[PDB]
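To start, the structure under review is shown below, and the notes come after it.
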Amino acid sequence: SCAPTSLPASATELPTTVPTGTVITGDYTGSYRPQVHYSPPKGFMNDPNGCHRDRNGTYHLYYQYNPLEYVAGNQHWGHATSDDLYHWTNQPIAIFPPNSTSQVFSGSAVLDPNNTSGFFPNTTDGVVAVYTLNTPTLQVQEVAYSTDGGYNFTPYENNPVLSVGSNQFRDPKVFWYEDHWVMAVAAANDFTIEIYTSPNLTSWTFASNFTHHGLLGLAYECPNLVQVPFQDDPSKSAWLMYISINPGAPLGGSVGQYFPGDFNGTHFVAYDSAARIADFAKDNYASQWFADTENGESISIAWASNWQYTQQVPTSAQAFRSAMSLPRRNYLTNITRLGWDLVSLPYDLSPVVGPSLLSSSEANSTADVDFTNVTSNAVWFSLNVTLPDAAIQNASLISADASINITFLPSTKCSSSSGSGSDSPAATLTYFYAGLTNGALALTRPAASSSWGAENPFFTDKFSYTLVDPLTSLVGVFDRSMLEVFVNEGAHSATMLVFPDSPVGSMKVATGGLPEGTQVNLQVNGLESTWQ
Amino acid sequence: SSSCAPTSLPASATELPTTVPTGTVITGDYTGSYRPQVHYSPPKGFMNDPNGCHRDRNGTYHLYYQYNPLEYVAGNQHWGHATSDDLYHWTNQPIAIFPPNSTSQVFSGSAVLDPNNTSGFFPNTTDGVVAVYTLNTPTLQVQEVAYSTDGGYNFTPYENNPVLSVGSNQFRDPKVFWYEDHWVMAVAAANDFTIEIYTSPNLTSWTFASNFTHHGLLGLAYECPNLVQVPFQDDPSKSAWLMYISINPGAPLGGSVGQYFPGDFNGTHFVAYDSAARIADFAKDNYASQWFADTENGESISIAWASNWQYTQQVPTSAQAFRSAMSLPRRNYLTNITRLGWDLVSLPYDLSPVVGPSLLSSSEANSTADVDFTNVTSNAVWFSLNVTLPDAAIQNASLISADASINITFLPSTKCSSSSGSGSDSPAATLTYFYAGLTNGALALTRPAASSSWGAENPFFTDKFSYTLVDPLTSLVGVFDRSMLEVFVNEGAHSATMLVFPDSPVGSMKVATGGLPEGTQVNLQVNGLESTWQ
Ligand SMILES: *[C@@H]1O[C@H](CO)[C@@H](O[C@@H]2O[C@H](CO)[C@@H](O[C@@H]3O[C@H](CO)[C@@H](O)[C@H](O)[C@@H]3O)[C@H](O)[C@H]2NC(C)=O)[C@H](O)[C@H]1NC(C)=O
Ligand SMILES: *[C@@H]1O[C@H](CO)[C@@H](O[C@@H]2O[C@H](CO)[C@@H](O[C@@H]3O[C@H](CO)[C@@H](O)[C@H](O)[C@@H]3O)[C@H](O)[C@H]2NC(C)=O)[C@H](O)[C@H]1NC(C)=O
Ligand SMILES: *[C@@H]1O[C@H](CO)[C@@H](O[C@@H]2O[C@H](CO)[C@@H](O)[C@H](O)[C@H]2NC(C)=O)[C@H](O)[C@H]1NC(C)=O
Ligand SMILES: *[C@@H]1O[C@H](CO)[C@@H](O[C@@H]2O[C@H](CO)[C@@H](O)[C@H](O)[C@H]2NC(C)=O)[C@H](O)[C@H]1NC(C)=O
Ligand SMILES: *[C@@H]1O[C@H](CO)[C@@H](O)[C@H](O)[C@H]1NC(C)=O
Ligand SMILES: *[C@@H]1O[C@H](CO)[C@@H](O)[C@H](O)[C@H]1NC(C)=O
Ligand SMILES: *[C@@H]1O[C@H](CO)[C@@H](O)[C@H](O)[C@H]1NC(C)=O
Ligand SMILES: *[C@@H]1O[C@H](CO)[C@@H](O)[C@H](O)[C@H]1NC(C)=O
Ligand SMILES: *[C@@H]1O[C@H](CO)[C@@H](O)[C@H](O)[C@H]1NC(C)=O
Ligand SMILES: *[C@@H]1O[C@H](CO)[C@@H](O)[C@H](O)[C@H]1NC(C)=O
Ligand SMILES: *[C@@H]1O[C@H](CO)[C@@H](O)[C@H](O)[C@H]1NC(C)=O
Ligand SMILES: *[C@@H]1O[C@H](CO)[C@@H](O)[C@H](O)[C@H]1NC(C)=O
Ligand SMILES: *[C@@H]1O[C@H](CO)[C@@H](O)[C@H](O)[C@H]1NC(C)=O
Ligand SMILES: *[C@@H]1O[C@H](CO)[C@@H](O)[C@H](O)[C@H]1NC(C)=O
Ligand SMILES: *[C@@H]1O[C@H](CO)[C@@H](O)[C@H](O)[C@H]1NC(C)=O
Ligand SMILES: *[C@@H]1O[C@H](CO)[C@@H](O)[C@H](O)[C@H]1NC(C)=O
Ligand SMILES: *[C@@H]1O[C@H](CO)[C@@H](O)[C@H](O)[C@H]1NC(C)=O
Ligand SMILES: *[C@@H]1O[C@H](CO)[C@@H](O)[C@H](O)[C@H]1NC(C)=O
Ligand SMILES: *[C@H]1O[C@H](CO)[C@@H](O)[C@H](O)[C@@H]1O
Ligand SMILES: *[C@H]1O[C@H](CO)[C@@H](O)[C@H](O)[C@@H]1O
Ligand SMILES: *[C@H]1O[C@H](CO)[C@@H](O)[C@H](O)[C@@H]1O
Ligand SMILES: *[C@H]1O[C@H](CO)[C@@H](O)[C@H](O)[C@@H]1O
Ligand SMILES: *[C@H]1O[C@H](CO)[C@@H](O)[C@H](O)[C@@H]1O
Ligand SMILES: *[C@H]1O[C@H](CO)[C@@H](O)[C@H](O)[C@@H]1O
Ligand SMILES: *[C@H]1O[C@H](CO)[C@@H](O)[C@H](O)[C@@H]1O
Ligand SMILES: *[C@H]1O[C@H](CO)[C@@H](O)[C@H](O)[C@@H]1O
Ligand SMILES: *[C@H]1O[C@H](CO)[C@@H](O)[C@H](O)[C@@H]1O
């Protein structure tokens, strides 16, 4: 059969009061509902919050949650748990505002195993949440603590723990550094990340400012100050300041940027004055790193949307708005010429990988992969290309036509008669080894595939990144309404929402003009739903 | 007389010579349905970066440009030359600078007047022009000098060229200017993401002064640096220095883009006021901006190449005898905008010489004005929309309806299009702005894929661009010129250059406002523009 395109009113109707102590029940069957990404059971989700791995290995994801509407507001912290970052268990709402005229904005969570806070005299797995409380006139930082492993939180009796008398002061990311707690918090409309320190998470002292770096956009948000291992040597690492900006991103709306540098417990110093954008498309925002991971592990997740159209995407009839990105493992590397680069790769996908749909070593060919049998409507693919040494040593031996095309094509079996009726691909990827646009990689969601997408004036159709080195590896995940691509071992990555009128039913992978002796290896797998 | 511009031209108008003409102006047919009528485009062939931009002592503006006279793609670079007194009415001139042989190219550079004969080239004239440009060879990029004594038409190479080599193949686009007591060159160490600053007493001996490295967006290369002094918009007695750098490829929208840095320059060092990156244009088709040398005091005048390296060599205009047009000429200022602070202002240079008949004037709020310009033979229009919100709405924006918006749509001609079936009526370009609601301050500029078979199929021809204001939109000015739309927001605070290649020519425009607060004043003015070629 075919995934429903709209759900019964009982699956999409939202409560008039926020459920306390109860898990919100969700129908995850909609034709747009991602099957291996997190999305809330009902309602509207945005930024990931309080991300941490507990001592039993369970990942806790919290998130900005409107349980009452399909648009942003009434923010609570939703909560889901996973042991593998793919199979999620919805949990009751973790943090509630004190009244209907306040909202629980973004923040972070840490384990306090040594009871620095004083909240945990008889436990070693105390969790402290540090979050922004939004009121009509102020944004302040507050603490709440959990003794049950991060399910139920109690507000700190002397909240707030930090106010500067500002209405633009939010998204505290807290972490342990040697002998004290560090908070990175956004003085959002001043384009400043403020660094504060604390011995106990409740009394905070100003250390330093990081101001007017990289792209300003209209606000700094969701700062993450994290230590990231080197891809080619995970014994080595550097600090990275990751800043989300919204609005005012170059593609429009929201985007993440980063700065490699040094951190010494009080001051972050960037290695240079350059601006670096994390993702070359527009649906990757508010990346948050999981606290309490071990040495050599950098784990993050982002909200896979854009503030310019997140509240207008056509999924509310399927009981949700917004999904998280694939969970990510991060590295730092140097790429040819450009130097510093934030590597993003999908966190181990093995737990959701299903049957092989195609395995091919054919070069200069077109492989058609039908996945109308894959009930998840989600696929993974990996394409490796190894050029002959002669082509690496002399690039003038590569034909101008040497290229790769990947197209995701609409289902004939589950086609909508109401949409475009187009045979337009839902999504395309094009790369040129040489010619006039040498190294250029285009990722597109053709307007002709989506009535909604064509009409939305911010739903940009085409994205590109230009490689210096030849493309040697490409990995992708398509999950009903999302495509993520990872180029050259995660050197470059892009997160793109797609809302085709007809569900994707097949994909074509074409290579052509590749030099004599070029090795091509393609693998495609159906993914297994984590919700069904 | 024709009723519709030709979409394809006779082979005589498009066929390119097999040898580069010397001493002769290349003849051009400027009638194609995509040929801009108030922007500069080469008579035939392929153009890119503006070069050697300067005003001579007679008040004549000289535009040079990267020129392939032999193909409709980049290569065989010479300097083309056109002159104007007003930066709208252009006169094509013979090719100004030629490579020494068939295996070298004249890459980008700048030109200056040397009235005091610092160079030694001009013992008997105060009208000497010196061009400083990159010579590209298979293995090297070096800086060379050439001088003109006839007012910038014919150049002679300096006998001891090159004037500057560092043994690099990525070393180009020198912009030279006078600072107090010496010449300054800003030149790109392109693949090192460094602008090198050299000084010279005479334009032929250059000394290294300082580096400006790894600032703003890196892209894949730094190109065409401009280090210029720009007056304050609200106070012409004040100014600051600006480092303007083009990057290609690797721009965030894909391909090529311009960025800038406000700062201080003292003759040897440029120091940015902060570590922020600032993008000049919020669309895709504005690159290699160059400032005119030797303007009057307090006039900052620039022009850019209105294209993108990802599709400039593939745009469907070669059948109309050209590839590439320059942007409108721009008057530049610096200002502070709400919250963001420093901002490069770009406004169209005085358009009065090309303004034709008024097509529409409206004071109506919450209405739709339909403007037919099928009778405007230039197929080019200017519009200005002013909006004055009531003070109550300025002081408290929660008083503005979520519906408060402006929509501008450019619609295909019924008079010059006989096309039928799906997509036939798609707008060629749209502009949408919201005062409030979920995307408050958001301005979208789009070129619908459905309007252009070529644009839909090109994988780099991005359909939608946006910029988000902090302040309400109070002014919007635009020029549509056959195949180009440029928009200027809030007195040139924000600007965008966007190419459009609709299957049918544009014949009409709709301007709609809705949901505007009670007592909002709106003024809309639209004029046909007069062709500068015809
Ligand atoms: C993947 O899709 C792209 C289109 O997005 C294909 O690229 C295009 O390929 C053709 C064939 O090489 C190009 O045509 C050629 O034009 C040049 C002149 O520019 C000519 O010298 C060649 O003989 C040929 O006729 C076309 O320009 C090009 N389009 C773009 C936008 O670059 C690509 O071939 C596809 N690759 C595969 C493996 O399917
Ligand atoms: C001012 O900036 C210029 C341009 O960045 C500097 O010259 C450049 O210096 C670097 C470092 O010495 C050179 O990079 C290196 O190149 C060699 C050759 O391929 C390579 O073996 C090394 O691994 C390294 O990447 C670069 O070639 C060179 N570029 C140019 C155009 O000369 C210059 O040193 C700076 N001067 C000062 C005083 O800061
Ligand atoms: C650190 O950064 C903050 C934020 O930019 C600075 O505080 C701001 O200071 C300016 C100038 O007085 C005020 O106009 C803003 O309203 C303040 N913003 C906030 C969030 O308070 C602070 O002065 C900086 N401190 C240091 C030591 O540089
Ligand atoms: C201009 O066009 C836009 C659509 O692009 C109109 O926007 C919609 O406005 C209503 C409120 O009036 C919202 O509820 C919709 O969500 C908006 N659409 C989008 C895509 O955001 C806008 O009203 C139009 N304005 C005028 C003056 O015609
Ligand atoms: C709601 O709580 C916030 C602090 O949490 C307080 O500032 C505000 O006054 C409260 N509002 C009402 C209506 O009680
Ligand atoms: C809790 O810790 C206190 C010290 O603060 C100690 O006296 C007591 O034995 C502990 N109680 C339990 C149940 O472990
Ligand atoms: C981890 O498991 C232990 C033993 O089963 C249990 O006591 C503890 O509560 C668990 N911790 C968390 C954070 O769930
Ligand atoms: C945290 O440390 C500060 C500074 O010593 C102290 O004043 C404050 O009381 C501490 N808070 C708690 C809850 O221990
Ligand atoms: C951190 O480094 C800064 C210089 O960037 C220095 O001023 C400060 O004292 C250092 N702090 C510590 C804790 O070493
Ligand atoms: C990248 O190269 C720089 C030298 O330019 C070096 O200092 C840094 O450690 C390198 N980083 C990685 C991740 O290899
Ligand atoms: C691919 O096709 C190119 C272009 O026709 C040809 O030169 C080459 O032999 C082919 N290479 C492979 C690996 O099949
Ligand atoms: C591509 O290469 C990577 C690393 O060498 C490997 O893990 C992967 O299985 C390869 N994929 C294919 C389709 O051969
Ligand atoms: C062309 O002129 C350049 C610059 O003088 C020189 O380097 C190059 O060798 C010349 N090429 C030939 C083929 O003469
Ligand atoms: C330019 O000035 C330098 C330094 O005084 C001098 O050596 C050089 O000969 C001059 N060049 C000419 C062409 O006069
Ligand atoms: C220009 O300023 C720099 C510092 O920014 C200084 O080192 C240099 O001496 C100055 N040069 C002149 C000519 O004043
Ligand atoms: C912008 O504001 C800064 C700080 O007040 C000031 O130094 C600068 O001169 C201003 N620039 C303009 C163009 O008004
Ligand atoms: C425009 O219409 C809105 C209702 O949509 C109304 O509130 C407003 O008063 C009108 N404004 C003007 C200037 O007529
Ligand atoms: C808008 O006002 C400006 C001056 O503020 C004026 O130059 C322009 O002609 C006006 N345009 C309209 C639409 O009234
Ligand atoms: C969801 O859209 C589908 C199109 O496949 C319809 O069949 C259904 O009625 C609902 O509108
Ligand atoms: C979504 O809307 C469709 C209308 O076709 C129904 O099929 C479904 O029950 C739900 O209301
Ligand atoms: C509300 O009712 C619908 C059917 O109309 C069910 O799908 C759902 O489980 C709930 O009972
Ligand atoms: C649940 O909510 C959805 C989205 O608003 C509706 O389409 C449905 O009928 C029910 O109200
Ligand atoms: C669930 O119930 C608790 C009980 O006090 C409320 O505080 C909460 O807002 C929600 O309604
Ligand atoms: C969570 O909400 C459910 C709704 O039925 C209750 O059963 C529970 O007591 C808690 O309020
Ligand atoms: C230019 O394009 C137009 C499209 O209608 C044709 O009429 C003409 O013959 C030429 O192809
Ligand atoms: C433009 O179209 C004409 C035919 O109308 C041709 O002569 C020319 O080669 C180009 O295709
Ligand atoms: C002149 O050039 C144009 C573009 O290639 C052709 O359409 C025409 O036939 C002639 O070759």
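Just so we're on the same page: letters track the sequence lines, and every chain starts at 1. All values below come from the heavy atoms of this structure, side chains included, with hydrogens, waters and symmetry mates left out.
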Are [X] and [Y] packed together at the side-chain level, in the sense that at least one heavy-atom pair is separated by less than 4.5 angstrom?
{"X": "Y131(A)", "Y": "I95(A)", "result": "yes"}
{"X": "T335(B)", "Y": "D234(B)", "result": "yes"}
{"X": "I193(A)", "Y": "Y220(A)", "result": "yes"}
{"X": "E142(A)", "Y": "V130(A)", "result": "no"}
{"X": "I279(B)", "Y": "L215(A)", "result": "yes"}
{"X": "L111(A)", "Y": "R55(A)", "result": "yes"}

Practice problem: List the steps, then state whether side chain to side chain contact (heavy atoms under 4.5 Å, CB included) holds for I195(A) with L225(A). | Solution: CA-CA 10 Å; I195(A) 297 170; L225(A) 181 48; 4.2 Å; yes
Quiz item: Can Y59(A) and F290(A) be said to form a ring-ring contact (aromatic ring centres under 6.0 Å, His included), step by step?
Solution: CA-CA 8 Å; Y59(A) 295 95; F290(A) 285 72; 5.6 Å; yes
Could you state the interatomic distance from [atom1] ([X]) to [atom2] ([Y]), rounded to the nearest 0.5 Å?
{"X": "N396(B)", "Y": "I394(B)", "atom1": "CG", "atom2": "CD1", "answer": "12.0 Å"}
{"X": "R321(A)", "Y": "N66(A)", "atom1": "CZ", "atom2": "CG", "answer": "11.0 Å"}
{"X": "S82(A)", "Y": "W88(A)", "atom1": "OG", "atom2": "CH2", "answer": "5.0 Å"}
{"X": "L216(A)", "Y": "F191(A)", "atom1": "CG", "atom2": "CZ", "answer": "5.0 Å"}
{"X": "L326(A)", "Y": "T495(A)", "atom1": "CG", "atom2": "OG1", "answer": "7.5 Å"}

Should the pair [X] and [Y] be assigned to parallel (<30°), tilted (30 to 60°) or perpendicular (>60°) ring geometry?
{"X": "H213(A)", "Y": "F210(A)", "value": "parallel"}
{"X": "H180(A)", "Y": "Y177(A)", "value": "tilted"}
{"X": "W307(A)", "Y": "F44(A)", "value": "tilted"}
{"X": "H79(A)", "Y": "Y151(A)", "value": "tilted"}
{"X": "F119(A)", "Y": "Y145(A)", "value": "parallel"}
{"X": "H60(A)", "Y": "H52(A)", "value": "parallel"}

Quiz item: What do the steps show when you test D47(A) against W303(A) for side-chain hydrogen bond (donor to acceptor under 3.5 Å, both in side chains), and what is the final call?
Solution: CA-CA 6 Å; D47(A) 306 4; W303(A) 173 39; over 6 Å; no
Any donor-acceptor pair under 3.5 Å linking the side chain of [X] with the backbone of [Y]?
{"X": "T513(B)", "Y": "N366(B)", "answer": "yes"}
{"X": "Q288(A)", "Y": "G50(A)", "answer": "yes"}
{"X": "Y435(B)", "Y": "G441(B)", "answer": "no"}

Practice problem: Using side chain to side chain donor-acceptor pair (under 3.5 Å) as the criterion, point out the one residue from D171(A), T132(A), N134(A) that pairs with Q139(A). | Solution: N134(A)
Exercise. Tell me, with the steps shown, if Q141(A) and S163(A) meet side-chain hydrogen bond (donor to acceptor under 3.5 Å, both in side chains).
Key: CA-CA 6 Å; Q141(A) 312 323 314; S163(A) 174; over 6 Å; no
Quiz item: When you look at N330(A) and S300(A), which way does the side-chain hydrogen bond (donor to acceptor under 3.5 Å, both in side chains) test go after all the steps?
Solution: CA-CA 7 Å; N330(A) 296 110; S300(A) 69; 2.7 Å; yes
Quiz item: So, for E194(A) and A187(A), which heavy atoms are closest and what is the spacing to 0.1 Å?
Solution: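 Distance-wise, the nearest heavy atoms are OE2-CB, 3.3 Å.
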Quiz item: Take atom CD in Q91(A); do more than 12 heavy atoms of anything else shown fall under 6.0 Å from it?
Solution: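 Counting neighbours around CD of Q91(A), more than 12 heavy atoms of other residues, nucleotides or ligands fall under 6.0 Å, so yes.
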